[PDB]
>>> print(open('work39.cif').read())   # mmCIF, N, CA and C atoms and all ligand atoms
data_query
#
loop_
_atom_site.label_atom_id
_atom_site.label_comp_id
_atom_site.auth_asym_id
_atom_site.auth_seq_id
_atom_site.Cartn_x
_atom_site.Cartn_y
_atom_site.Cartn_z
N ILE A 1 -2.42 5.05 10.49
CA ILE A 1 -2.45 3.55 10.64
C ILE A 1 -1.18 2.97 10.07
N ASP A 2 -0.63 1.98 10.76
CA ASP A 2 0.57 1.27 10.37
C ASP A 2 0.16 -0.07 9.70
N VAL A 3 0.82 -0.29 8.57
CA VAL A 3 0.61 -1.50 7.78
C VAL A 3 1.97 -2.17 7.56
N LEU A 4 2.06 -3.44 7.93
CA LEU A 4 3.27 -4.21 7.75
C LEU A 4 3.34 -4.78 6.34
N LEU A 5 4.53 -4.66 5.75
CA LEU A 5 4.80 -5.24 4.40
C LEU A 5 5.51 -6.56 4.71
N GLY A 6 4.71 -7.61 4.66
CA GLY A 6 5.19 -8.98 5.00
C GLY A 6 4.85 -9.27 6.46
N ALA A 7 4.26 -10.44 6.74
CA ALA A 7 3.92 -10.84 8.12
C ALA A 7 5.16 -11.36 8.84
N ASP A 8 5.07 -11.44 10.17
CA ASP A 8 6.14 -11.89 11.05
C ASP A 8 6.55 -13.34 10.84
N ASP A 9 5.77 -14.11 10.13
CA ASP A 9 6.10 -15.51 9.85
C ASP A 9 6.64 -15.61 8.43
N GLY A 10 6.88 -14.47 7.81
CA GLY A 10 7.37 -14.45 6.43
C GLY A 10 6.33 -14.47 5.33
N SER A 11 5.05 -14.49 5.61
CA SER A 11 3.99 -14.48 4.59
C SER A 11 4.02 -13.17 3.77
N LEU A 12 3.73 -13.33 2.49
CA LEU A 12 3.73 -12.19 1.58
C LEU A 12 2.35 -11.55 1.56
N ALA A 13 2.12 -10.74 2.56
CA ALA A 13 0.91 -10.04 2.78
C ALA A 13 1.08 -8.68 3.46
N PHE A 14 0.09 -7.88 3.20
CA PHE A 14 -0.04 -6.57 3.88
C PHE A 14 -0.80 -6.93 5.20
N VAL A 15 -0.35 -6.44 6.31
CA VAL A 15 -1.00 -6.66 7.61
C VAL A 15 -1.34 -5.33 8.28
N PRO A 16 -2.59 -4.92 8.31
CA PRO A 16 -3.78 -5.50 7.75
C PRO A 16 -3.85 -5.25 6.23
N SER A 17 -4.70 -6.01 5.57
CA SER A 17 -4.83 -5.89 4.11
C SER A 17 -6.07 -5.15 3.68
N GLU A 18 -7.07 -5.11 4.54
CA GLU A 18 -8.32 -4.37 4.25
C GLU A 18 -8.60 -3.53 5.48
N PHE A 19 -8.72 -2.20 5.28
CA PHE A 19 -8.95 -1.30 6.40
C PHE A 19 -9.64 -0.05 5.87
N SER A 20 -10.12 0.72 6.82
CA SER A 20 -10.82 1.99 6.48
C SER A 20 -10.11 3.10 7.26
N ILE A 21 -10.20 4.26 6.69
CA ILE A 21 -9.57 5.45 7.28
C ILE A 21 -10.43 6.66 6.94
N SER A 22 -10.11 7.70 7.67
CA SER A 22 -10.78 8.99 7.48
C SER A 22 -9.86 9.79 6.59
N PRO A 23 -10.43 10.69 5.83
CA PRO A 23 -9.68 11.57 4.96
C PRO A 23 -8.59 12.29 5.75
N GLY A 24 -7.45 12.34 5.07
CA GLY A 24 -6.25 13.00 5.60
C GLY A 24 -5.48 12.14 6.57
N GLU A 25 -6.02 11.02 6.99
CA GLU A 25 -5.32 10.08 7.90
C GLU A 25 -4.12 9.47 7.17
N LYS A 26 -2.97 9.45 7.83
CA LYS A 26 -1.79 8.89 7.18
C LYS A 26 -1.73 7.38 7.41
N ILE A 27 -1.28 6.74 6.33
CA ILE A 27 -1.04 5.30 6.25
C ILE A 27 0.51 5.17 6.22
N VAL A 28 1.08 4.43 7.18
CA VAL A 28 2.54 4.21 7.16
C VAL A 28 2.79 2.73 6.83
N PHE A 29 3.30 2.47 5.64
CA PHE A 29 3.62 1.09 5.18
C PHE A 29 5.05 0.81 5.68
N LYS A 30 5.23 -0.24 6.41
CA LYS A 30 6.55 -0.54 6.99
C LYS A 30 7.09 -1.85 6.51
N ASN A 31 8.31 -1.78 5.94
CA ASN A 31 8.97 -3.01 5.43
C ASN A 31 9.26 -3.95 6.61
N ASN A 32 8.67 -5.14 6.51
CA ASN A 32 8.80 -6.08 7.65
C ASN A 32 9.43 -7.40 7.37
N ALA A 33 8.98 -8.13 6.40
CA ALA A 33 9.58 -9.45 6.10
C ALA A 33 9.29 -9.77 4.64
N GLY A 34 10.18 -10.53 4.04
CA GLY A 34 10.00 -10.97 2.65
C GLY A 34 10.19 -9.88 1.62
N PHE A 35 10.91 -8.84 2.05
CA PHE A 35 11.23 -7.68 1.18
C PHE A 35 12.24 -8.18 0.13
N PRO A 36 12.41 -7.42 -0.92
CA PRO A 36 11.82 -6.13 -1.23
C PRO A 36 10.34 -6.17 -1.53
N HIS A 37 9.75 -5.00 -1.24
CA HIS A 37 8.35 -4.79 -1.50
C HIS A 37 8.16 -3.33 -1.98
N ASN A 38 6.95 -3.12 -2.51
CA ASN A 38 6.52 -1.75 -2.90
C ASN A 38 4.98 -1.70 -2.70
N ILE A 39 4.46 -0.49 -2.87
CA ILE A 39 3.04 -0.23 -2.75
C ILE A 39 2.63 0.56 -3.99
N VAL A 40 1.78 -0.06 -4.77
CA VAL A 40 1.26 0.50 -6.01
C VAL A 40 -0.25 0.49 -5.99
N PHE A 41 -0.83 1.67 -6.30
CA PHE A 41 -2.28 1.83 -6.35
C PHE A 41 -2.69 1.52 -7.80
N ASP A 42 -3.69 0.69 -7.92
CA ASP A 42 -4.21 0.31 -9.27
C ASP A 42 -4.96 1.52 -9.85
N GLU A 43 -4.49 2.04 -10.95
CA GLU A 43 -5.09 3.22 -11.58
C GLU A 43 -6.52 3.07 -12.02
N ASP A 44 -6.95 1.86 -12.28
CA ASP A 44 -8.32 1.51 -12.70
C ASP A 44 -9.18 1.12 -11.53
N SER A 45 -8.62 1.21 -10.32
CA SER A 45 -9.38 0.82 -9.13
C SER A 45 -9.21 1.72 -7.92
N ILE A 46 -9.25 3.00 -8.22
CA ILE A 46 -9.17 4.11 -7.27
C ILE A 46 -10.29 5.08 -7.71
N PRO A 47 -10.66 5.94 -6.81
CA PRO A 47 -11.74 6.91 -7.09
C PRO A 47 -11.40 7.79 -8.27
N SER A 48 -12.46 8.08 -9.01
CA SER A 48 -12.39 8.92 -10.21
C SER A 48 -11.76 10.27 -9.90
N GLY A 49 -10.84 10.63 -10.76
CA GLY A 49 -10.11 11.90 -10.69
C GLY A 49 -8.83 11.90 -9.91
N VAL A 50 -8.59 10.87 -9.11
CA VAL A 50 -7.39 10.75 -8.31
C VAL A 50 -6.19 10.36 -9.19
N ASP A 51 -5.10 11.05 -8.95
CA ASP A 51 -3.79 10.84 -9.62
C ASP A 51 -3.01 9.73 -8.87
N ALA A 52 -3.01 8.57 -9.45
CA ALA A 52 -2.28 7.44 -8.84
C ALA A 52 -0.85 7.81 -8.55
N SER A 53 -0.30 8.74 -9.34
CA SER A 53 1.12 9.12 -9.18
C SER A 53 1.43 9.81 -7.88
N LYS A 54 0.52 10.54 -7.33
CA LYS A 54 0.66 11.28 -6.10
C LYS A 54 0.60 10.39 -4.86
N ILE A 55 -0.01 9.21 -4.96
CA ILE A 55 -0.12 8.32 -3.81
C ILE A 55 0.58 6.99 -3.89
N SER A 56 1.18 6.66 -4.98
CA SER A 56 1.84 5.38 -5.21
C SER A 56 3.34 5.46 -5.41
N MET A 57 4.00 4.33 -5.20
CA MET A 57 5.42 4.12 -5.52
C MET A 57 5.35 3.74 -7.03
N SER A 58 6.45 3.84 -7.70
CA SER A 58 6.49 3.41 -9.12
C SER A 58 6.64 1.88 -9.03
N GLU A 59 6.22 1.14 -10.02
CA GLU A 59 6.37 -0.30 -10.04
C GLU A 59 7.84 -0.68 -9.97
N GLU A 60 8.73 0.22 -10.42
CA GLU A 60 10.18 -0.05 -10.39
C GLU A 60 10.87 0.35 -9.13
N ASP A 61 10.17 1.06 -8.29
CA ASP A 61 10.75 1.51 -7.00
C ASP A 61 10.58 0.33 -6.04
N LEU A 62 11.45 0.25 -5.07
CA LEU A 62 11.40 -0.81 -4.06
C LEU A 62 11.91 -0.37 -2.69
N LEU A 63 11.32 -0.94 -1.66
CA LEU A 63 11.71 -0.76 -0.22
C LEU A 63 12.53 -2.08 -0.09
N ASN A 64 13.80 -1.89 0.10
CA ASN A 64 14.74 -3.02 0.15
C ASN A 64 15.15 -3.53 1.50
N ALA A 65 15.10 -2.72 2.51
CA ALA A 65 15.52 -3.09 3.85
C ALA A 65 14.48 -2.99 4.92
N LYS A 66 14.68 -3.80 5.94
CA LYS A 66 13.77 -3.87 7.08
C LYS A 66 13.70 -2.48 7.72
N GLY A 67 12.48 -2.07 7.98
CA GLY A 67 12.24 -0.78 8.61
C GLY A 67 12.03 0.38 7.71
N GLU A 68 12.27 0.25 6.44
CA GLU A 68 12.03 1.32 5.46
C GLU A 68 10.50 1.50 5.37
N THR A 69 10.10 2.78 5.27
CA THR A 69 8.67 3.08 5.19
C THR A 69 8.29 3.87 3.95
N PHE A 70 7.02 3.84 3.63
CA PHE A 70 6.37 4.59 2.57
C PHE A 70 5.10 5.14 3.27
N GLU A 71 4.98 6.44 3.31
CA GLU A 71 3.83 7.10 3.97
C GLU A 71 2.99 7.87 2.97
N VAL A 72 1.67 7.72 3.07
CA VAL A 72 0.71 8.34 2.16
C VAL A 72 -0.55 8.74 2.92
N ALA A 73 -1.12 9.86 2.52
CA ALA A 73 -2.38 10.35 3.08
C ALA A 73 -3.34 10.40 1.90
N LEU A 74 -4.53 9.89 2.07
CA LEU A 74 -5.58 9.88 1.06
C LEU A 74 -6.66 10.88 1.51
N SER A 75 -7.17 11.57 0.52
CA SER A 75 -8.22 12.58 0.79
C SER A 75 -9.54 12.24 0.15
N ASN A 76 -9.56 11.87 -1.13
CA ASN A 76 -10.81 11.52 -1.80
C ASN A 76 -11.44 10.27 -1.17
N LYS A 77 -12.74 10.36 -0.93
CA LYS A 77 -13.49 9.22 -0.39
C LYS A 77 -13.73 8.19 -1.49
N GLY A 78 -13.77 6.93 -1.07
CA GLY A 78 -14.01 5.80 -1.97
C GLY A 78 -13.02 4.67 -1.65
N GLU A 79 -13.06 3.69 -2.54
CA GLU A 79 -12.23 2.51 -2.38
C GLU A 79 -11.00 2.57 -3.25
N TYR A 80 -9.93 2.16 -2.65
CA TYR A 80 -8.63 2.10 -3.32
C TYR A 80 -8.00 0.70 -3.22
N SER A 81 -7.75 0.11 -4.38
CA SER A 81 -7.09 -1.21 -4.44
C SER A 81 -5.61 -0.96 -4.67
N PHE A 82 -4.80 -1.75 -3.94
CA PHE A 82 -3.32 -1.58 -4.04
C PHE A 82 -2.70 -2.96 -4.02
N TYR A 83 -1.44 -2.98 -4.42
CA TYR A 83 -0.69 -4.25 -4.48
C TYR A 83 0.80 -4.00 -4.41
N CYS A 84 1.52 -5.07 -4.17
CA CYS A 84 3.01 -5.08 -4.16
C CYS A 84 3.35 -5.69 -5.53
N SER A 85 3.98 -4.94 -6.41
CA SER A 85 4.26 -5.40 -7.79
C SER A 85 4.98 -6.71 -7.92
N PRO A 86 6.08 -6.96 -7.24
CA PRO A 86 6.77 -8.27 -7.40
C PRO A 86 6.03 -9.46 -6.79
N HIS A 87 5.07 -9.23 -5.91
CA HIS A 87 4.35 -10.28 -5.20
C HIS A 87 2.86 -10.30 -5.42
N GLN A 88 2.42 -9.61 -6.47
CA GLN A 88 0.99 -9.53 -6.77
C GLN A 88 0.37 -10.92 -6.96
N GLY A 89 1.03 -11.73 -7.76
CA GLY A 89 0.60 -13.10 -8.07
C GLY A 89 0.51 -13.96 -6.85
N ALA A 90 1.36 -13.76 -5.87
CA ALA A 90 1.41 -14.46 -4.61
C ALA A 90 0.26 -14.03 -3.69
N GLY A 91 -0.44 -12.95 -4.06
CA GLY A 91 -1.59 -12.50 -3.26
C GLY A 91 -1.34 -11.36 -2.34
N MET A 92 -0.20 -10.69 -2.57
CA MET A 92 0.13 -9.49 -1.75
C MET A 92 -0.59 -8.25 -2.33
N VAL A 93 -1.86 -8.15 -2.01
CA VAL A 93 -2.84 -7.15 -2.42
C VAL A 93 -3.62 -6.65 -1.21
N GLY A 94 -4.26 -5.53 -1.34
CA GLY A 94 -5.06 -4.91 -0.29
C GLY A 94 -6.04 -3.91 -0.85
N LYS A 95 -6.85 -3.42 0.08
CA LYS A 95 -7.86 -2.41 -0.29
C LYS A 95 -8.16 -1.54 0.93
N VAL A 96 -8.10 -0.23 0.72
CA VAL A 96 -8.41 0.74 1.77
C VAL A 96 -9.65 1.54 1.28
N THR A 97 -10.53 1.76 2.24
CA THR A 97 -11.74 2.53 2.05
C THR A 97 -11.60 3.86 2.83
N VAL A 98 -11.78 4.93 2.13
CA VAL A 98 -11.70 6.30 2.72
C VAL A 98 -13.20 6.68 2.90
N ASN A 99 -13.61 6.77 4.16
CA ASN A 99 -15.03 7.08 4.45
C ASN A 99 -15.14 8.27 5.40
CU CU B 101 5.90 -7.55 -1.74
#
>>> encode(input="work39.cif", output="structure tokens", more="lines below")
Ligand SMILES: [Cu+2]
Amino acid sequence: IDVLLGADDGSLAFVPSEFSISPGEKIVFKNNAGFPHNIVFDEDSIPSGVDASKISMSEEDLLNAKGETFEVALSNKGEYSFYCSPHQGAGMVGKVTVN
């Protein structure tokens, strides 16, 4: 599944922001508008035992240019909350359910 980082009208949002996927399905986050952006998984809001480090960008890492991607595959079932660190306050947050 492809997820846009920033909407086509410049809104600071993940498009889509809430979605479900099957285990092993790849998520391709694509830098679109209002960059820089990043994708960070909340360590307190992911399934028990999962290493946030294996699926997240560092809060200091950034996708700076249009078209840059971050790809991740999730295996453990459950809900995962994620956000864009510089735009968290603006509401650039999401949640993926692995079912
Ligand atoms: Cu952002």
>>> closest_atom_pairs(input="work39.cif", of="chain A", to="ligand CU 101 (chain B)", cutoff="6 Å", atoms="only N, CA and C atoms and all ligand atoms", output="Markdown table")
| residue | atom | partner | partner_atom | distance |
| --- | --- | --- | --- | --- |
| A:34 | C | B:CU101 | CU | 5.9 |
| A:36 | C | B:CU101 | CU | 4.7 |
| A:37 | CA | B:CU101 | CU | 3.7 |
| A:38 | N | B:CU101 | CU | 4.6 |
| A:84 | CA | B:CU101 | CU | 4.5 |
| A:85 | N | B:CU101 | CU | 5.7 |
| A:86 | C | B:CU101 | CU | 5.4 |
| A:87 | N | B:CU101 | CU | 4.6 |
>>> closest_residue(input="work39.cif", among="A:69, A:76, A:64, A:31", to="residue 51 (chain A)", atoms="only C-alpha atoms")
A:76
>>> select_by_dssp(input="work39.cif", residues="region 8-92 of chain A", states="strand (DSSP E)", output="number ranges by chain")
A: 14-15, 18-21, 26-31, 40-41, 69-73, 78-83
>>> residues_around(input="work39.cif", residues="residue 11 (chain A)", least_positions_apart="5", cutoff="7 Å", atoms="all atoms listed in the file", output="number ranges by chain")
A: 5-6, 33-34
>>> atom_distance(input="work39.cif", atom1="atom N of residue 22 (chain A)", atom2="atom N of residue 9 (chain A)")
27.1 Å
>>> closest_residue(input="work39.cif", among="A:65, A:39, A:50, A:96", to="residue 16 (chain A)", atoms="only C-alpha atoms")
A:96
>>> atom_distance(input="work39.cif", atom1="atom C of residue 82 (chain A)", atom2="atom C of residue 66 (chain A)")
20.2 Å
>>> residues_around(input="work39.cif", residues="residue 24 (chain A)", least_positions_apart="2", cutoff="6 Å", atoms="all atoms listed in the file", output="ChimeraX atom specification")
/A:22,26,73-75
>>> select_by_dssp(input="work39.cif", residues="chain A", states="alpha helix (DSSP H)", output="PyMOL selection string")
chain A and resi 52-55
>>> atom_distance(input="work39.cif", atom1="atom N of residue 2 (chain A)", atom2="CA of residue 17 (chain A)")
11.1 Å
>>> residues_around(input="work39.cif", residues="residue 40 (chain A)", least_positions_apart="6", cutoff="6 Å", atoms="only C-alpha atoms", output="ChimeraX atom specification")
/A:56-57,82-83
>>> residues_around(input="work39.cif", residues="residue 79 (chain A)", least_positions_apart="4", cutoff="8 Å", atoms="only C-alpha atoms", output="VMD selection string")
chain A and resid 45 to 47 95 to 98
>>> closest_residue(input="work39.cif", among="A:67, A:59, A:32, A:41", to="residue 80 (chain A)", atoms="all atoms listed in the file")
A:41
>>> closest_residue(input="work39.cif", among="A:91, A:63, A:49, A:3", to="residue 30 (chain A)", atoms="all atoms listed in the file")
A:3
